[PDB]
Structures are given as C-alpha cells and as structure tokens.
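Peer 1: once you've seen the sequence and the experimental structure below, I've got questions.
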Amino acid sequence: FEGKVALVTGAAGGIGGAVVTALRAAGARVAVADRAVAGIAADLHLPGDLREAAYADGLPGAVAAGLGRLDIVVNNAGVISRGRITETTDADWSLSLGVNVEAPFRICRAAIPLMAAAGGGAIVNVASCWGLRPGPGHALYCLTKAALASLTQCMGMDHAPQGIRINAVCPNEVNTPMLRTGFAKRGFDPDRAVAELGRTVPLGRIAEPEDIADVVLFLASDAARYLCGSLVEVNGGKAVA
Amino acid sequence: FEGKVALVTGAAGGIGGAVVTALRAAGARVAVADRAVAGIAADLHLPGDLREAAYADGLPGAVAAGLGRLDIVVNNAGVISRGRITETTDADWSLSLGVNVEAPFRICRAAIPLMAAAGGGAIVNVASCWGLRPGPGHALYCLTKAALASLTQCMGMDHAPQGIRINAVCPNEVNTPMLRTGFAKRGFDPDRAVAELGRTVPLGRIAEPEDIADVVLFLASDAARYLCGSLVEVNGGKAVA
Amino acid sequence: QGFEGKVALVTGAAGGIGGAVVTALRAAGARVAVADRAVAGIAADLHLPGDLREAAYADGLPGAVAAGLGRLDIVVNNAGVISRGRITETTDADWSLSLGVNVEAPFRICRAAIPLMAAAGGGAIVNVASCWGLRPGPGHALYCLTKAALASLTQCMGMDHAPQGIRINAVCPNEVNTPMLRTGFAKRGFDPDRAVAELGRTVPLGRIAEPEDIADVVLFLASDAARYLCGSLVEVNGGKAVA
Amino acid sequence: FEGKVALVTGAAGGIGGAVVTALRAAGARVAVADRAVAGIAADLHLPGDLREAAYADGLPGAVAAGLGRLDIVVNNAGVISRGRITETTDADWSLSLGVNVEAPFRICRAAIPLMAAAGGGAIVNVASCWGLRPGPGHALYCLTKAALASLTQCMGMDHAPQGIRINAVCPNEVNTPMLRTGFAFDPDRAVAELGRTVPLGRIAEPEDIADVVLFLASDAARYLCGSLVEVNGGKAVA
Ligand SMILES: NC(=O)c1ccc[n+]([C@@H]2O[C@H](COP(=O)([O-])OP(=O)(O)OC[C@H]3O[C@@H](n4cnc5c(N)ncnc54)[C@H](O)[C@@H]3O)[C@@H](O)[C@H]2O)c1
C-alpha cells in the first residue's frame, strides 16, 4: 500500500474510520469523504452530501487532483433503515436509493476511467448479507444491498480486463458507536447489550469495525489479485434473520 | 380464475399481452396499464406513465374501485438498457430505476393493504435471470432486476402472513417487441437475430411470451398456493452470458 | 392432452409427498409405476418394490418401467432419508445411508432414464430436494450436503439434457406435514394436529405444507405449462427461511 | 502463523504445493498428505490414500501426535472428472465421491474435536465455482463441489461456537499439473487459450489461490465463518 491513494466514503462512521486507520497504517495516503470530516486524521478531506450528483460524480476526480492519483476506492457510506414495504415512505426511499446505490454508481462510473488510464486499481463496496438473502422487516435496506452486490459483480466482470478489481465485503452484525448509543438511550448497558447480541452469532460476538476493515484491506491488496466481482461474507456464521 | 380481478402493467408489450390474454381466457377480469392501452381487449383501461408517483401509487386503488376487488397484480412493465456502468447515463439511470424498481415498489405498497383487508391475493413480478447472476455489459439492467428479485423475496416473507403470495418469474431470453427493437437498432434483422439467439439455448429455442405467461398463471393459481417469495427461473437451461 | 396416456415413475411412493404425487398423476390420467421398500397396498399401475441403496435396483428402475408400461415420460425422484446432527455426530452408517438414497440413487435413476427418454422424443424429471442445502442450516450437515448435491445435479442435468427435450427441475420444500413428523409428535404425548399447527406459526404463510401443496408443484413441473423450465430449483417454502 | 501447525492434503499437486510453501514461509509447521509426498519440503510427511477410511479418519490425530498440535486444516485433495451424467461410470462416481466429499468429511469430523479442545482452529476447503453454479458436461464434478461447499457452510455455523473457523476458497480456472494432464491437445497452448476466456485476462496460478487460503487461515479472517470465497478472475462458470 506504500505510495497508493485511497478514497474512503462514510469515513466518519465506525467501519469507515477503521478502514481509514488501517490504510494509513499500511502506508496509503487517504482521502476521506462524509457529510463532515474536519476532525478525521487523513491526507485529503472531501466533505459532502452523496445525494448531490455533482459531489458524488466529482469525488474520484477530486482525489486524483488533490493527491496526484487514485488506486483504491472504498464505498462504505450507507443508510440504515427498516420496515416492511408498507411502512416505507417516499422520503425513506429517496434517501436509501440515493446513498446506498446511486452514489456508489456515480463514484464508480467516475473512478473507473481514471484507474483504467493508470493501469489498474481496486474498488471495494461494503454491502451486507441482508440483501444477499432476504430478511423480515427491512425491505428497503435489503433491496439496496442486493442492487449494490449485483453492481459489484457486473462491474467486477466488466472492468477486470482493465486491471480493476471490484469486490464487496458483506457484514452482518457490527459493533458501532451508534449501536451502543442506541442502547444507552433506551436504558441498556451497551456492553451487556452487545454481548447478548453476540450470543445470537455462532462465533459468539458481533464484528468489531476492525474485523470488517481487515477484510477490506485484503480485498484492496495484492493477495486478492485474482478476485474480481466476489462478494465476501463476513458474518461470524450468522444467517440473515 | 373465474371471478378474479387482475392488474397487469406493461400490458401493451409482448409478455404483458400474453398474460392479459391468458388471464382473460381463464375467466379473470383484467385491468391493463401501460403508456397507451387503447388497442387492448380488457375489462378496465388505465393508461399512464409508471414514472409518475401519483399514477403508480394510485393503480391498485383504481382497479379495486373500478372492478370491485383486486386479486392479482402482475408487475410486468420493464425497461431494457445496456452498457457497462461507464457507458450508463444519468437519463438511463432515472428511467430504469423508476420503471423497474420504484414503480413495483409503489404498486405493491398500495396493493398490499387492499389485498390484506380482502383476505389475501397474489403478486407476480417479472424479474430476470440477469440480476440473479451477473452478465457482461448490462450493469444497470442487472442491478434493477436484482433489486426487484430482492424486493419480491422480502415482501414475500413480510406479507405471506396476510395471505398475500408474492413471487417472481425470471426469464432469460424471450422473443418480444423490445428484444427485436433492440436488435434492429444495432442494426441486425430482428427475425434472424432472434433465430440465432434461440440456437444458444440448450432447449433449442427462444422463449415465446406464452412460455412466460403460462408460468405467471401458475404463480397466481391455487397450484402455487405454497410458494411465497420464490424466484422461478424460466430460461430453457441457458446460463446468463 | 395433458398427462393422459403418459407413464410416470415415482419413488418414495409410500411416503407423504410420494403418495400425493401418485394420486394426482393418476387422477390426471397418467399410468404410474410406484417404487418404495414395500408398495403392495398402493393403488398404482405397476409395482416395483426395492431398496434404492442397491445399485442394480436403482440402475434398473427406468428400464423396468419402460418394459412394464411400454414407455417412460416422467420420473419423480422423491425418496429421501431424514437425518440430523453436526458432522461430529454423524456416523459412517449415517453417511452411507443418506448418500446412497439421497444422491447416488437419483444419479443412477437419471443416468438410466435419460437415454430412454431421449430416444422417445423427450420427458420430464422432477427431483424433490430441499431449501436445506440451498442454504446452510444448523445441526443437519449430512442432510444439507445431500440436498445441495441433488440440487446441483438437477441444474447440471437440466442444462446438459434440455437439447434432448428432457426437462429436469426440482421442487425444494422446507416444512412439510409427514407421517414421520406426526408420529414423532404423537410419541411425545403431543396432539399431532396442534403440534403441526404450532410449527406452522414459524412459517410466514402460517402453516407447514401438506403433501398435496408439494405434489401440485411437482405436477406443474411435469406439465406443458412448464415447457420452458430446465434446471430450475423451485422453492416451495411458504416464505420460511432455512433455520 | 509462527508456531502453528497445518495439515495440507493434495500436497503434491499444484495448489497444494503452493499452499505448503506459503504456510512454511509464514512460519507455520506443515504436515503434508498425498499418495506420495517424498519430494516435498515439510515438517511431517503423511503419505496415504484418502479413499481408505482409516487413513482419512486418522490424519488429524496423526498430525497432533507428530507435531504436538493441530491449528489449520486445508482440504485440497481433489479429483477432476468430466462428462454428462449419462457418460459417468460407477468407478468415476466412487472415485469422485470418495476423494472430493467423503475424505474432507472424515478429516473434518476427526479434526474438529481436537481443535475444539485446544481452543479453536481454521479449516479451509478448496471447492469450486463449478458446483456453486452449474456448468455443461461436468455433472459429477459440480455435484461433489456443491456438496463440499454446503458442508463448509453448515460446519462453519455448527463449529464457530468452538472457535473453529470453517471456510472455502472456490477457484474457477487454475494452471495446475493436473489441468495440463488431461489436456495432453498441447498443454501450454491450451492453458494460454483458456487464459484468454478470463476477463482478468489470465488463468490463476497456484499462488493466486494459495494466498487466499492463507488469508482465510489467518487472523485477518477471524470473523469469517462458513464463507465461500470465489476466486475466478471475473469468469462465470461455462
Ligand atoms: N425480452 C426478454 O428477453 C426479457 C428477459 C427477462 C425479463 N424481461 C422483462 O419482462 C417484462 C416484459 O417486458 P417485454 O420482454 O414484453 O418487453 P416489451 O417492451 O415488449 O413490454 C414491456 C412494457 O413495459 C412498458 N413500459 C416501459 N416504460 C414504461 C413506463 N414509463 N410507464 C408505463 N409502462 C412502461 C412498455 O411500454 C411495454 O409495453 C419486463 O419487466 C422485462 O424487462 C424480458
């Protein structure tokens, strides 16, 4: 990773922060993208709203201009939602489609010509097991993750010839600041609530952000040089339910 | 099917037309929806543009009000786009998402409460093997079909408790006006191109609209009473390629 | 028209789904040859008792049907052994039994049936597999792998033999109301109907399948309405995910 | 990997050899299993026939007895068959089921208790994209690889609680001595031609697969259980 440049979206979140940290430790220079990013330790800061076409279309070019090149993209930004389709509003729809699917589409569409010209690169999409398999009460979340997984596999096959390796990491349960905050606000000790949630996973715990980041780094690395369009599940053995 | 009322979208196209014909022959009353449906023999005509929120939201209620009940919805309307994602325009994106994914969402969101209050019903979505598996140079088409397959499965499990049976038929190659049109534009004689395409199918022929319509009818019939959230592939043995 | 004048072989014909498939086919006008360990009580058009684990019996089944009824249009591979346990609790005997009946036997039957059907202009083969196997489930390793194997075989054969006019597809149930299931409940002092209803509550549809729920899909797959289906794995699960 | 012990089956073959090399380079001690393993640099040699129940049942215990512990099992032995089902002989069936499915079954069944008692481990099965998706004219091969992928996933769920991580790597096209045999068509021309049907633009070398095996055995994959990791260079099954 020494000398390489990476864009990471959703950089202010749990998995995002862990991916940024791991890439910079590995010697990559990293551009960070989220709604707001000024406090994140990174090599280029690109705050913005992914729902705005101009910002998402322009992200890969902004990284190449600011840091001189673009080797890796991690599409990690994502909206969590829930409900049966009958409980899904138009606003829920627009927000999730815009950030979970359209934004990755725009970023990849822009990044690919840059990487092709440079002789190759790696894109890693953070999708979910929810969407590879259907689950109850989360129709919108699943369909956007299924759209993203499909995109990854199609792009993976379309752009392999240009030396661009496009793959996905598909978590299930993940420990994050916001999961813990949710517990605290409802009166639960977050550490205990997290352990209990872990007992529903065959491995016995939910993922830490680093569990996910380590797989992202593998996919971006030369060890994964023959993976194209692969969807790598990282779920501790836990089935969607 | 006697006494039953069905809504069919994309009623003016190849598969839609075969579906309308088959339901009517079997004694159902059919409401037909498409941009224009004036030519079509049917029990209720509902012209409009699926991209319009209010029209899509309103379709199921228009059928229940017009014909007195709503037993079956066939989401058959669909747009074909082609290209690697680097060749996919913003106009392409809006069109495919709006018609292939957002329209079925709006129609199901509206139909489900109506059917639930009436003791159940059946929804059949026409998705595609392209989507279930990735194919070259059709990134947008695949991702919309994968989103629709995922929605089918999630809704199928969310709403089976209300007696609503939601499944999808997933064709691969079908001889339809749009498949032909696509060839002519490129610019091969459609009849020759269709014949050549038929030869790439292990079964030894391209599917006709009736091959698909017969499966849609199965899915809406009592024979399929235990199928919920199933994705029924109808590909003559041919892999996505 | 339809199944009139056609001949079918159904295995596991004394069991729940098998028995429902035999009845439905004969009502639709087909003559049916039944196979199971014992079949004497079964109303059918040819009786072929035997042990599917014996290579000679499984190899010879389609030919015995063609000789006995004059033709072979449809094969329903329905026989299956139920097993459970993590792989660490799976014995060599468990292994030999499940592989022999769930995988090796349909392999032998289809290998023998395909040439006969190819020579006669085509036919239909329907395998009863399981959603367990399509997705993994806890504590049933052997059951799952045999069902996965059968599902894979269905798809490869479906693709390989469609050019011969042979349509090979599978039905994949999840929860089904069988005599083994009901006997199991009866012995725990349960009311089997109530216990069956209770197990139904774990299915989004709200009930487990009756054997007729499954048989009507088997009939669809062997019928003209399914003429464009080759290598399809048709899930019939009432919405219930493997768990 | 320093101080860990791995068992690698099919160790005399292309992928097996590259896996053994990679593990020892990372500091693991490796026991090698195949029909003959005399030539292979390793810390324990366990030659034998996987079709023999006793041999397969005894492999994990032999490694624990010989090197003192068992941390990693790579089920890599495999038999290549071809044909439609109607061209598949009884001998083909026995050979493929025996080596591709029963052997890993026996090995995992024996390895699991040992690993569980030690606090955990990793098992990596080399399955295939063929089997996950169906492909023309290889019915026996596909079904055995499908069986093995299913076993991997079920075992992954069943034994994660004991700290055992069970996963599979699923190659498509790979340049291996065995591929080249069975071609002999001229081998290196055939390998190069096959190479050009892969969107990446080349077929995998054994090291391309071995590096994924190593990832899956490693600490970076500590949250993967029952995952089937495809390594196909973008190439769909066909
Ligand atoms: N031809 C095949 O090989 C292929 C393969 C798999 C699935 N599909 C799908 O099957 C279904 C039927 O389509 P078809 O194959 O008969 O092609 P078709 O064009 O002959 O018919 C599809 C219909 O969708 C309608 N539609 C498109 N945009 C619309 C809009 N903005 N508002 C309202 N209606 C609109 C069209 O006007 C049309 O009549 C679709 O969902 C399609 O994508 C067909």
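Peer 2: Thanks, I have the structure now. Numbers count the residues shown, from 1 in each chain, chains lettered A, B, ... in the order given.
Peer 1: relative to residue D:161, how far out is the residue nearest to residue A:208 when sequence neighbours are not counted?
Peer 2: Leaving aside its sequence neighbours, residue A:208 sits nearest to residue A:175 (C-beta to C-beta, 6 or more residues apart in numbering or on different chains; 5.4 Å). Every C-beta, even on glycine, is put in place using the N, C-alpha and C of the backbone. Taking C-beta to C-beta, to the nearest Å as the measure, residue A:175 falls 19 Å from residue D:161.
Peer 1: if you count what's nearby, which of these two comes out ahead?
Peer 2: A count of neighbours by other C-beta atoms under 10 Å in any protein chain shown puts residue A:175 above the other of residue A:175 and residue D:161, at 19 against 15.
Peer 1: who's in contact with the more buried one?
Peer 2: A:14, A:194, A:206-209 (C-beta atoms under 8 Å, 6 or more residues apart in numbering or on different chains).
Peer 1: can you redo those as TSV with secondary structure?
Peer 2: Listed next are those as TSV, based on DSSP: H, G, I helix; E, B strand; the rest coil:
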residue	secondary structure
A:14	helix
A:194	helix
A:206	coil
A:207	strand
A:208	coil
A:209	helix
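Peer 1: which parts of chain A sit against chain D?
Peer 2: Residues of chain A lying close to chain D (C-beta under 8 Å from any C-beta of the partner chain) are A:156-158, A:160-161, A:201-204, A:207, A:211-212, A:214-215, A:217-218, A:223-237, A:239.
Peer 1: mind telling me what element the nearest residue to residue A:102 once chain neighbours are set aside is part of?
Peer 2: The shortest distance from residue A:102 to any residue other than its chain neighbours is 7.0 Å, reached at residue B:93 (C-beta to C-beta, 6+ apart). Element membership for residue B:93 (DSSP states H and E) is helix B:90-97.
Peer 1: need the contact partners of that helix.
Peer 2: Under C-beta under 8 Å, 6+ apart, the answer for helix B:90-97 is A:53, A:97, A:102, A:105, B:51, B:79, B:81, B:83, B:140-141, B:144.
Peer 1: identify the residues contacting the residue lying closest to residue A:221 once chain neighbours are set aside.
Peer 2: Spatially, and ignoring its direct neighbours in sequence, residue A:221 is nearest to residue A:1 (7.4 Å; C-beta to C-beta, 6+ apart). Residue A:1 makes contacts with A:23, A:26-28, A:217, A:220-221, as judged by C-beta under 8 Å, 6+ apart.
Peer 1: dump the helix ranked longest in chain A to PDB, restricted to CA.
Peer 2: Ranked by number of residues, the top helix in chain A under DSSP state H is helix A:139-159. The C-alpha coordinates for helix A:139-159 follow below in PDB (Å, rounded to 0.1, in the frame of the first residue of the first chain):
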ATOM      1  CA  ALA A 139     -37.400  -4.500   2.600                       C
ATOM      2  CA  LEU A 140     -35.700  -1.200   1.500                       C
ATOM      3  CA  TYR A 141     -32.400  -2.000   3.200                       C
ATOM      4  CA  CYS A 142     -32.200  -5.400   1.600                       C
ATOM      5  CA  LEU A 143     -33.100  -4.300  -1.900                       C
ATOM      6  CA  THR A 144     -30.400  -1.600  -1.900                       C
ATOM      7  CA  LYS A 145     -27.800  -4.000  -0.700                       C
ATOM      8  CA  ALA A 146     -28.900  -6.500  -3.400                       C
ATOM      9  CA  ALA A 147     -28.600  -3.800  -6.000                       C
ATOM     10  CA  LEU A 148     -25.100  -2.900  -4.700                       C
ATOM     11  CA  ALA A 149     -24.000  -6.600  -4.700                       C
ATOM     12  CA  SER A 150     -25.200  -7.000  -8.200                       C
ATOM     13  CA  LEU A 151     -23.400  -3.900  -9.400                       C
ATOM     14  CA  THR A 152     -20.200  -5.100  -7.800                       C
ATOM     15  CA  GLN A 153     -20.500  -8.400  -9.600                       C
ATOM     16  CA  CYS A 154     -21.300  -6.900 -13.000                       C
ATOM     17  CA  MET A 155     -18.700  -4.200 -12.700                       C
ATOM     18  CA  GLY A 156     -16.300  -6.800 -11.500                       C
ATOM     19  CA  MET A 157     -16.700  -8.700 -14.700                       C
ATOM     20  CA  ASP A 158     -16.900  -5.700 -17.000                       C
ATOM     21  CA  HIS A 159     -13.700  -4.000 -15.800                       C
END
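Peer 1: what angle sits between it and helix A:90-97?
Peer 2: Using axes from the mean of the first three to the mean of the last three C-alpha atoms, to 10 degrees, the inter-axis angle of helix A:139-159 relative to helix A:90-97 is 30 degrees.
Peer 1: shouldn't residue A:150 be in contact with residue B:143?
Peer 2: Yes: applying C-beta atoms under 8 Å, one finds residue A:150 in contact with residue B:143, separated by 4.5 Å.
Peer 1: and chain A, which of its residues are near chain B?
Peer 2: Counting by C-beta under 8 Å from any C-beta, chain A sits next to chain B at A:53, A:84-86, A:88, A:90, A:93, A:97, A:101-102, A:105, A:108-109, A:112-113, A:131, A:134-139, A:142-151, A:153-159, A:229.
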